[PDB]
Amino acid sequence: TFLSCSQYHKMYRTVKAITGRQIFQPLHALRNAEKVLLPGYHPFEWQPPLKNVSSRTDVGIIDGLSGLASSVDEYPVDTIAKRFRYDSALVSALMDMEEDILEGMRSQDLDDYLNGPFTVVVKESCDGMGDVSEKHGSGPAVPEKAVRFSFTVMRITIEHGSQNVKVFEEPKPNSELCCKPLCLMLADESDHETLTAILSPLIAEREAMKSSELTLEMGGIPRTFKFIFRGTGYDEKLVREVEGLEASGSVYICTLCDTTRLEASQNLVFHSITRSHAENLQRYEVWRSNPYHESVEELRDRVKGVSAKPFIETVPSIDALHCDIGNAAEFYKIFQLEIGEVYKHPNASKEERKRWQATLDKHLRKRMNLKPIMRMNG
Amino acid sequence: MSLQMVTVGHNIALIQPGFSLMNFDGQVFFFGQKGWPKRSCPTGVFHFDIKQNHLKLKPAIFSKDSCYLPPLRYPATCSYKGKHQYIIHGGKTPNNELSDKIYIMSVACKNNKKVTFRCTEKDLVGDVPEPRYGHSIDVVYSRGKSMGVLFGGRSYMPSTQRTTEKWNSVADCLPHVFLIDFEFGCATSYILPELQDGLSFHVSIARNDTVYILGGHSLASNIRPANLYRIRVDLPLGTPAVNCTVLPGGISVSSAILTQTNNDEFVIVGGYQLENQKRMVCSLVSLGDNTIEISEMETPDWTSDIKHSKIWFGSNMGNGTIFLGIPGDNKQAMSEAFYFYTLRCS
Ligand SMILES: [Ca+2]
Ligand SMILES: [Zn+2]
């Protein structure tokens, strides 16, 4: 309910004074029950122990900068960043839904006291959300951005007997109440150096915990977890940048296949997916090394437009929100085009166009009452 | 002592602390841009000329056989004058890794002021130095041959003590001295008893058979010792021999900028004295055939910005010319990214 820590105190003391018996707990007893849900409260052990990852079990909110030496003699870095670890966050994310996975185990006709090799499916996402500041001093022209790296649990599955069963599935995945934050920072989403400097430890932990098992008591008896990480919640610009392709204005378009727009526009629909992450990496390698002693203009074509070192293993797939918005604005422009009937008389100038837009917007506001907007919303 | 203000072209946002300025036969080039090489310029290296205080960072092109190299942000560069070429080592790639290759770069063709570089990836064999940054490399002649002396700087923790709670922490490297043979790129380590602390961001001069190492930040103790060291070297028929000496007349500065004002005489400019005390006074280093000294010169005039800013950076241009940058306040009417100045001595 977005209350404060003093307004709540107001409510608490007034209720307790009016009706004698207390109905809301004090603040200290609220914090003591807060601790049992934040990450880094429970024992858990890896098998085998994760290389490069510490063994402690009492790490809370770690400084995101990862002990980055920042002295004037070195690169000037000023952003702020906070994070959890990755295991200490997955542990808590599982142990809060303990009851909701046990209930599924019951409903699916399974002996509750089971400790099979559970497998979690975790969707990873990231998207800059700039313009977060405020002109508290009433002085304008001062922007700032931010970045949040967050994940989600989406399916918990055990292999009972001959096949697997969906012990848990997510009701409404892409909503705002079932995606858990993992780190956040104040840096422009394109400040590549700072971005990598902050997001490298997360990928370190993520690649570490991909060939191990987590043993952890789950409602009494101990159980064993293993994970799968699919990184999908990346818009177009991020997946274009961090995976190491030329920017969106390239002749190369599809983040999944290697075709130029002047070629997909002709071979309409017969493609596949042929741009993985390891292929991307070895292709950047053959770029950097240039073993064939060939010029740039054909080397770029040989390496299908890779010019940087990708540092995040991300699976490729179309986004939904931005795809629908793009299609919408797309055929809105085709409407505005069909006002001028340019198919009959082509090549009009950029004043007939503004007139067409004004006529369309006014007619729509008169007929369907669709308000005028510059930045289209879903 | 001729400070001069400078204005810049449109793509000012390719200037980042820790670039490199390679001076090829009068022409000068800028290397180590910010962010990976955009599609406007696939090589990330520019012809960097300046007329009437307006500079035009133009794209450069490579050869048919060069090794397209990432933009390093704090490498070790030296002027291998044996044709004229440049040696680059290590540095810190955009994705915050650390390289460990040698990059030998020269000009394959410059016709009608249309340059064309070529660079090669020379690899070290033997007791190779670990990948690190901020270190220094110099080339030195003796008995008609030459060798590259390398003094290490700082680097990441070794590949065992990497933990993701201090994953981006750095420590100095063991103060060895690495002798590198460029004819075959072979590496030989050497231990010397006169040097104790690990040194970073120091200044390395090469008097044709003897290298002088001055200044430097000692991370192991967060102090900047005034210990200047002379290093004599000789390569006999077999394995070479190295010797160190300590001489008086020290100075305490870190991340200083060197240039050659006169033959056998250099000037050194403001790096940093303390982490809160910048360096406003410059020092003339009087080299010599066998002895050297360091005096304080007439503090070339600054402005409100430089004397008021918190940091600075830059490098030399080669012909007795320094390029410096300044952050520039942001709590104003949306000031530019950086401001700039050019220092001359004539
Ligand atoms: Ca976005
Ligand atoms: Zn496609």
# chains A, B, ... in the order shown; residues from 1 in each chain; ligands from 1
>>> residues_near_ligand(ligand="ligand 2", cutoff="8 Å", atoms="only C-alpha atoms and all ligand atoms", output="list in words")
residues 253, 254, 255, 256, 257, 258, 259, 264, 271, 272 and 273 of chain A
>>> select_by_dssp(residues="range 49-159 of chain A", states="alpha helix (DSSP H)", output="MDAnalysis selection string")
chainID A and resid 87:96 98:107
>>> write_last_selection(atoms="N, CA and C atoms", output="mmCIF file, in the first residue's frame")
data_model
loop_
_atom_site.group_PDB
_atom_site.id
_atom_site.type_symbol
_atom_site.label_atom_id
_atom_site.label_comp_id
_atom_site.auth_asym_id
_atom_site.auth_seq_id
_atom_site.Cartn_x
_atom_site.Cartn_y
_atom_site.Cartn_z
ATOM 1 N N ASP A 87 22.910 -16.819 -6.582
ATOM 2 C CA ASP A 87 22.452 -17.970 -5.816
ATOM 3 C C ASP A 87 21.650 -17.535 -4.598
ATOM 4 N N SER A 88 22.137 -16.533 -3.868
ATOM 5 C CA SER A 88 21.404 -16.083 -2.694
ATOM 6 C C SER A 88 20.049 -15.500 -3.052
ATOM 7 N N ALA A 89 19.817 -15.175 -4.320
ATOM 8 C CA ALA A 89 18.511 -14.702 -4.753
ATOM 9 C C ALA A 89 17.634 -15.839 -5.241
ATOM 10 N N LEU A 90 18.200 -16.772 -6.003
ATOM 11 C CA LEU A 90 17.424 -17.938 -6.408
ATOM 12 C C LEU A 90 16.952 -18.742 -5.205
ATOM 13 N N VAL A 91 17.790 -18.852 -4.175
ATOM 14 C CA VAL A 91 17.415 -19.600 -2.979
ATOM 15 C C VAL A 91 16.155 -19.013 -2.359
ATOM 16 N N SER A 92 16.156 -17.702 -2.116
ATOM 17 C CA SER A 92 14.997 -17.075 -1.492
ATOM 18 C C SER A 92 13.780 -17.128 -2.403
ATOM 19 N N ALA A 93 13.987 -16.965 -3.710
ATOM 20 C CA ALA A 93 12.863 -17.044 -4.629
ATOM 21 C C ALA A 93 12.223 -18.421 -4.607
ATOM 22 N N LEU A 94 13.004 -19.464 -4.334
ATOM 23 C CA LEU A 94 12.402 -20.786 -4.207
ATOM 24 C C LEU A 94 11.777 -21.002 -2.838
ATOM 25 N N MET A 95 12.424 -20.518 -1.789
ATOM 26 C CA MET A 95 11.941 -20.832 -0.460
ATOM 27 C C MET A 95 10.762 -19.968 -0.049
ATOM 28 N N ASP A 96 10.424 -18.935 -0.817
ATOM 29 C CA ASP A 96 9.151 -18.281 -0.534
ATOM 30 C C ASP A 96 7.986 -19.025 -1.172
ATOM 31 N N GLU A 98 7.991 -22.284 -1.595
ATOM 32 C CA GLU A 98 7.902 -23.628 -1.028
ATOM 33 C C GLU A 98 6.471 -24.163 -0.962
ATOM 34 N N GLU A 99 5.566 -23.421 -0.324
ATOM 35 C CA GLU A 99 4.203 -23.915 -0.161
ATOM 36 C C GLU A 99 3.504 -24.055 -1.503
ATOM 37 N N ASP A 100 3.765 -23.132 -2.426
ATOM 38 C CA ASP A 100 3.076 -23.162 -3.708
ATOM 39 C C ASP A 100 3.611 -24.249 -4.624
ATOM 40 N N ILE A 101 4.805 -24.767 -4.358
ATOM 41 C CA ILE A 101 5.273 -25.926 -5.116
ATOM 42 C C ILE A 101 4.832 -27.226 -4.454
ATOM 43 N N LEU A 102 4.777 -27.258 -3.121
ATOM 44 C CA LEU A 102 4.285 -28.452 -2.443
ATOM 45 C C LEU A 102 2.816 -28.695 -2.763
ATOM 46 N N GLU A 103 2.021 -27.625 -2.829
ATOM 47 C CA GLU A 103 0.615 -27.787 -3.175
ATOM 48 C C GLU A 103 0.461 -28.370 -4.571
ATOM 49 N N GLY A 104 1.290 -27.925 -5.515
ATOM 50 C CA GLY A 104 1.252 -28.510 -6.842
ATOM 51 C C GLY A 104 1.658 -29.970 -6.836
ATOM 52 N N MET A 105 2.694 -30.304 -6.060
ATOM 53 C CA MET A 105 3.092 -31.701 -5.918
ATOM 54 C C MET A 105 1.930 -32.551 -5.425
ATOM 55 N N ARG A 106 1.178 -32.043 -4.449
ATOM 56 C CA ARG A 106 -0.011 -32.750 -3.986
ATOM 57 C C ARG A 106 -1.031 -32.893 -5.106
ATOM 58 N N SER A 107 -1.398 -31.772 -5.731
ATOM 59 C CA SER A 107 -2.456 -31.777 -6.735
ATOM 60 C C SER A 107 -2.143 -32.709 -7.895
#
>>> residues_around(residues="residue 188 in chain B", least_positions_apart="3", cutoff="8 Å", atoms="only C-alpha atoms", output="PyMOL selection string")
chain B and resi 126-128+178-180
>>> interface_residues(of="chain B", to="chain A", cutoff="8 Å", atoms="only C-alpha atoms", output="ChimeraX atom specification")
/B:17-18,35-39,42,63-70,94-96,160-170,201,254-255,272,275,311,333-334
>>> closest_residue(among="B:56, B:250, B:20, B:29", to="residue 89 in chain B", atoms="only C-alpha atoms")
B:20
>>> residues_near_ligand(ligand="ligand 1", cutoff="12 Å", atoms="only C-alpha atoms and all ligand atoms", output="list in words")
residues 125, 126, 127, 128, 129, 130, 145, 146, 147, 148, 188, 189, 190, 233, 234, 235, 236, 237, 238, 239, 240, 241, 319, 321 and 322 of chain A
>>> write_last_selection(atoms="C-alpha atoms", output="PDB file, in the first residue's frame")
ATOM      1  CA  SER A 125      15.339  -9.627 -18.779  1.00  0.00           C
ATOM      2  CA  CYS A 126      16.802  -6.123 -18.795  1.00  0.00           C
ATOM      3  CA  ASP A 127      15.650  -2.730 -20.133  1.00  0.00           C
ATOM      4  CA  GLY A 128      16.789   0.857 -19.544  1.00  0.00           C
ATOM      5  CA  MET A 129      14.155   3.168 -18.109  1.00  0.00           C
ATOM      6  CA  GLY A 130      15.709   6.624 -18.403  1.00  0.00           C
ATOM      7  CA  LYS A 145      18.779   7.325 -16.637  1.00  0.00           C
ATOM      8  CA  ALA A 146      18.798   3.986 -14.857  1.00  0.00           C
ATOM      9  CA  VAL A 147      19.001   0.270 -15.569  1.00  0.00           C
ATOM     10  CA  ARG A 148      17.403  -2.692 -13.811  1.00  0.00           C
ATOM     11  CA  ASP A 188      22.823   5.300 -19.537  1.00  0.00           C
ATOM     12  CA  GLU A 189      21.855   2.020 -21.199  1.00  0.00           C
ATOM     13  CA  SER A 190      24.418   2.714 -23.948  1.00  0.00           C
ATOM     14  CA  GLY A 233      13.227 -10.075 -22.013  1.00  0.00           C
ATOM     15  CA  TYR A 234      15.662  -7.933 -24.010  1.00  0.00           C
ATOM     16  CA  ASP A 235      14.170  -5.239 -26.279  1.00  0.00           C
ATOM     17  CA  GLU A 236      15.659  -4.749 -29.774  1.00  0.00           C
ATOM     18  CA  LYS A 237      18.349  -2.202 -28.936  1.00  0.00           C
ATOM     19  CA  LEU A 238      19.886  -4.188 -26.071  1.00  0.00           C
ATOM     20  CA  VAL A 239      19.940  -7.540 -27.859  1.00  0.00           C
ATOM     21  CA  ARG A 240      21.416  -5.681 -30.824  1.00  0.00           C
ATOM     22  CA  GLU A 241      24.165  -4.067 -28.734  1.00  0.00           C
ATOM     23  CA  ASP A 319       9.454  -9.454 -28.354  1.00  0.00           C
ATOM     24  CA  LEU A 321       4.969  -5.435 -26.743  1.00  0.00           C
ATOM     25  CA  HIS A 322       7.347  -3.540 -29.008  1.00  0.00           C
TER      26      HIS A 322
END
>>> select_by_dssp(residues="range 101-274 of chain B", states="strand (DSSP E)", output="VMD selection string")
chain B and resid 102 to 107 117 to 122 125 to 126 136 to 142 145 to 151 154 to 156 170 to 172 177 to 181 186 to 190 203 to 207 210 to 214 229 to 234 241 to 246 258 to 262 265 to 268 272 to 274
>>> residues_around(residues="residue 189 in chain B", least_positions_apart="5", cutoff="12 Å", atoms="only C-alpha atoms", output="PyMOL selection string")
chain B and resi 124-130+148-152+174-181+239-242
>>> write_last_selection(atoms="C-alpha atoms", output="compact mmCIF listing (two decimals), in the first residue's frame")
# COMPACT_ATOMS: atom_id res chain seq x y z
CA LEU B 124 55.07 -13.47 -26.80
CA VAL B 125 56.68 -16.88 -26.30
CA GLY B 126 58.38 -18.03 -23.12
CA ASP B 127 58.05 -16.33 -19.73
CA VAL B 128 55.30 -14.05 -21.04
CA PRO B 129 53.97 -11.32 -18.74
CA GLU B 130 50.46 -11.67 -17.42
CA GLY B 148 62.14 -4.10 -25.22
CA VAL B 149 62.16 -3.58 -21.49
CA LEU B 150 58.76 -3.89 -19.84
CA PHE B 151 57.92 -2.74 -16.32
CA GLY B 152 54.61 -4.00 -15.02
CA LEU B 174 55.30 -8.54 -9.04
CA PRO B 175 57.98 -5.94 -9.82
CA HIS B 176 59.97 -8.01 -12.29
CA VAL B 177 61.44 -6.68 -15.53
CA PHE B 178 60.55 -8.36 -18.81
CA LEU B 179 63.04 -8.40 -21.67
CA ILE B 180 61.26 -8.92 -24.99
CA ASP B 181 62.93 -9.76 -28.29
CA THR B 239 71.77 -13.85 -22.26
CA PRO B 240 71.61 -10.13 -21.45
CA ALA B 241 72.27 -8.54 -18.08
CA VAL B 242 70.29 -5.87 -16.23
>>> atom_distance(atom1="CA of residue 93 in chain B", atom2="CA of residue 303 in chain A")
20.5 Å
>>> closest_residue(among="A:376, A:121, A:158, A:27", to="residue 10 in chain A", atoms="only C-alpha atoms")
A:27
>>> atom_distance(atom1="CA of residue 143 in chain B", atom2="CA of residue 249 in chain B")
29.9 Å
>>> residues_around(residues="residue 274 in chain B", least_positions_apart="6", cutoff="9 Å", atoms="only C-alpha atoms", output="list in words")
residues 223, 224, 252, 253 and 254 of chain B
>>> closest_residue(among="B:156, B:24, B:74, B:117", to="residue 60 in chain B", atoms="only C-alpha atoms")
B:117
>>> residues_around(residues="residue 329 in chain B", least_positions_apart="4", cutoff="9 Å", atoms="only C-alpha atoms", output="PyMOL selection string")
chain B and resi 309+334-338
>>> residues_around(residues="residue 350 in chain A", least_positions_apart="4", cutoff="12 Å", atoms="only C-alpha atoms", output="ChimeraX atom specification")
/A:337,340,354-357
>>> write_last_selection(atoms="C-alpha atoms", output="JSON list (two decimals), in the first residue's frame")
[["chain", "number", "residue", "atom", "x", "y", "z"],
["A", 337, "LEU", "CA", 0.04, 7.56, -46.90],
["A", 340, "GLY", "CA", -2.63, 11.37, -50.29],
["A", 354, "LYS", "CA", 1.74, 17.26, -42.67],
["A", 355, "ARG", "CA", -1.63, 18.23, -44.14],
["A", 356, "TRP", "CA", -2.50, 14.55, -44.59],
["A", 357, "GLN", "CA", -1.55, 13.87, -40.97]]
